[PDB]
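Have a look at the structure below before the remarks.
Neighbour counts are summed over all protein chains in view; Cβ atoms, including those assigned to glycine, are modelled from backbone coordinates with ideal geometry. Values quoted throughout were computed directly from the atomic coordinates according to the rules given, and no laboratory measurement underlies them.
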Amino acid sequence: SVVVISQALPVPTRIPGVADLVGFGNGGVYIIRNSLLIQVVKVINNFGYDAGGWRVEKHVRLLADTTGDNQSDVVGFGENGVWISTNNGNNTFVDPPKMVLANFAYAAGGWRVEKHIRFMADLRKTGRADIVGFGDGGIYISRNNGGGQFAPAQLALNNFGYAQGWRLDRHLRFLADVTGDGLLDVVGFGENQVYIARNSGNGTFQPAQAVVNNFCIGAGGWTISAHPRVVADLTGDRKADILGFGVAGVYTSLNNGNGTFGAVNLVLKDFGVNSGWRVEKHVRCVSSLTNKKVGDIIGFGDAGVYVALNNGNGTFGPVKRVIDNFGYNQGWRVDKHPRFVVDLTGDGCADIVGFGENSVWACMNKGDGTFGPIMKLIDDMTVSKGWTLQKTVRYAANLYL
Ligand SMILES: CC(=O)N[C@@H]1[C@@H](O)[C@H](O)[C@@H](CO)O[C@H]1O
Ligand SMILES: CC(=O)N[C@@H]1[C@@H](O)[C@H](O)[C@@H](CO)O[C@H]1O
Ligand SMILES: CC(=O)N[C@@H]1[C@@H](O)[C@H](O)[C@@H](CO)O[C@H]1O
Ligand SMILES: CC(=O)N[C@@H]1[C@@H](O)[C@H](O)[C@@H](CO)O[C@H]1O
Ligand SMILES: CC(=O)N[C@@H]1[C@@H](O)[C@H](O)[C@@H](CO)O[C@H]1O
Ligand SMILES: CC(=O)N[C@@H]1[C@@H](O)[C@H](O)[C@@H](CO)O[C@H]1O
Ligand SMILES: [Ca+2]
């Protein structure tokens, strides 16, 4: 499994794909269906700042296939429980949503945005999303048993929890396949080590196992505030490697193939602190922009977008300015204008969309990792129309696969 789930990007998108745009705005849930007709459509009078009292700092809103039909349902970790509005198949969703489990929630379970993490993930290879919470005592799971019926939460592993020292300002946690069986394992960038927890295919993980003594805060000086880190297949074998944007530039540790990891290696003198890159100003990604289907590099910098292509094995060609936009010099701010690298045309090669000041802007990969001219898609889901990071959530996501 190519699927990777991350703090930054808890709603993975498909490659190839024609992703849609989803906004959790004040009055409810809105979608822009990737198609010949580009318009906003309100679909759920809920999951909104004013529509149900939803709060960025108390609740979590995501999209995920909870039924197994490759349609994406709206999922909200609310005040008293978990609320799902399933996809009706026709640009509409069951409304109101159904409370499926009184847990994983602020007033049910004591969940806290600033202490814990909540994802949706197909962890048993059923075609459906199980509920996954990095809680206090460890990782908790609620089995998705089909038909909106979710099993009581059980401990999957007494690690990666708040009790074992995990902290959002110090550490990073991921779901990704590090062994090749297609089952998503825990990759955690802890205090001193980077650990692994192999997925036993049953809502449990085998005990943690350190695999790299680097890429952390007490092991390399990796900070959340300066040195982003991702998990992505860089070699092409559907197993996940490690990649961090450090001081000099990009470092990596390639998967052996069984989920033990190589050695840390400055593979590129750019996208790093020395090369000018700041989390405050700039967004850095890894996604496939070519037919090699491997992690290439994309950074939204000052002048524009910067791309470095992955030869096929972990090594990277020359950095280039693929477009003079989506950058800080064109007014793109991290705290105002979400940007995403995602396939919008269905060719396997990831494109670029940003929710800007007055419009949603797109920019299409030519198919080689070079890019076209910018497109003004629509004048909605923008600052000008009322969308802030403090009161709304926005995703690119595949509603239909
Ligand atoms: C933040 C949150 O959970 N909001 C929910 C809302 O979505 C739901 O419609 C209502 C049902 O009575 O309960 C509220 O608590
Ligand atoms: C933050 C957290 O871990 N919350 C959990 C809750 O989801 C679970 O039902 C319970 C199991 O006893 O323990 C609580 O602490
Ligand atoms: C944040 C962090 O690094 N936590 C780890 C924990 O997950 C592991 O169980 C333990 C044993 O090595 O070491 C702790 O310090
Ligand atoms: C944040 C950062 O860049 N950390 C790196 C560290 O991970 C690595 O082990 C070493 C290699 O020479 O250089 C440090 O400066
Ligand atoms: C923060 C930022 O934008 N950094 C870029 C850098 O990575 C690129 O290599 C260089 C070459 O033109 O231009 C800088 O301005
Ligand atoms: C933050 C933002 O939206 N910046 C855009 C810029 O990307 C675009 O090139 C220009 C065209 O008018 O308009 C600015 O508002
Ligand atoms: Ca594309």
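Tabulated data
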quantity: Qualifying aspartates and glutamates (Cα of each under 20 Å from Cα of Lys376; at least 8 residues distant if same chain); calculated: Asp20, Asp324, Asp343, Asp351, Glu357
quantity: Proximal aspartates and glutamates relative to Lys42, as straight alpha-carbon distance under 13 Å, when same-chain residues fewer than 8 apart are discounted; calculated: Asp95, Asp380
quantity: Segment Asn80-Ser200, extension gain: residue separation times 0.36 nm, minus the distance between their alpha carbons; calculated: 40.2 nm
quantity: Cubic angstrom per residue, convex hull over Cα atoms of the chain; calculated: 116 Å³
quantity: For region 321-372 versus region 103-173, the gap between their alpha-carbon centres in whole angstrom; calculated: 32 Å
quantity: Potential lengthening between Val41 and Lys281 on full extension [0.36 nm per residue; Cα-Cα distance subtracted]; calculated: 83.3 nm
quantity: Gained length - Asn213 relative to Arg112, 0.36 nm times residue gap less alpha-carbon distance; calculated: 33.4 nm
quantity: Computed label-point distance, nm, for sites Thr223 and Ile378 using a 7 Å Cα→Cβ extension; calculated: 4.0 nm
quantity: Within a Gaussian network of the chain (alpha carbon springs, distance under 10 Å), most fluctuating of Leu377, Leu101, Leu36; calculated: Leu36
quantity: q = 0.12, 0.17, 0.24 Å⁻¹, region 323-401: log10 I(q)/I(0) [Debye, one scatterer per Cα]; calculated: -0.34, -0.67, -1.20
